[PDB]
Amino acid sequence: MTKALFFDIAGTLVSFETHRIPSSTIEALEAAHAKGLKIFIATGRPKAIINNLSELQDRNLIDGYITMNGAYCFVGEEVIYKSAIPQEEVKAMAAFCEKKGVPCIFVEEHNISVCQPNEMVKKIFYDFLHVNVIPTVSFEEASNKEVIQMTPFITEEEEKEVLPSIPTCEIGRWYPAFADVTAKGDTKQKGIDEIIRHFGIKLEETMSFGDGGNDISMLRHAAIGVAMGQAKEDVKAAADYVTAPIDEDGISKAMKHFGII
Ligand SMILES: [Mg+2]
């Protein structure tokens, strides 16, 4: 039976329409916490911009975090796994974005920066997602840092164009306007493996919840994958069960369906 739950944040815990966590989600996570389920966040965001989970954090309901798509995982104050991107590939992405005239965010362990932020950053990251303004640094400076994740605001055509230049990185999206790039193998599936290794939980005892392309590997990898009802068709197809949309009690209904609560 299920022992560990892995939740994506945007479109799975937090509504893109209200920017809040549905009340029935908070009630379901309280009831699962008291039943002894372990509750984990699994997000493409780095810790520095997780600014929308205080309801669950102040209720002490989260047992650990998979951040940066699995490239930085921690339980309490303890880092259990982290990675960095090959410097050649950080430099190639900085050069490609600078040439194309698009912004890119560069995330280090303890710093986050943005290069040449433009309308796509202001429109999507700040006006819509409500992320705090990230400090600007030049592409040259960023190209030289030890980077755990890059977030280029590139289209799918542009991503296919830069691909040859980031030969070993993973790339995926939780929103259509930008993509997150991590080192080889660092996906939320790797995150689930590191968190259950720490707790002695088997893969056959996990359940994941997601709405986006960057959740597909953890929807297929967990023993039971739950897609949100408003997710695109390929995310639904990677799941074992499609629940109601997020703002129609999707999380609570899924957890009640399985008997988690
Ligand atoms: Mg999402």
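The residues of the chain are indexed from 1 along the displayed sequence. Hydrogens, waters and symmetry mates play no part in the numbers below; they use all other heavy atoms, side chains included. Counting starts at 1 for both ligands and their atoms, following the listed order.
- If you check the side chains of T168 and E89, you find a donor sitting under 3.5 Å from an acceptor.
- Using modelled atom types, one side-chain atom of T243 and one backbone atom of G250 make a donor-acceptor pair closer than 3.5 Å.
- Within the 4.5 Å cutoff, the side chain of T151 has no heavy atoms near those of the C104 side chain.
- Excluding waters, the set of protein N/O/S atoms under 2.8 Å from the Mg ion (ligand 1) reads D8 OD2, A10 O, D211 OD1.
- A salt bridge between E109 and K82 is present, with a side-chain N of the basic residue lying under 4.0 Å from a carboxylate O of the acidic one.
- A donor-acceptor pair under 3.5 Å links the side-chain atoms of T12 to the main chain of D211, judged by distance alone.
- A side-chain donor-acceptor contact under 3.5 Å links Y81 and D186.
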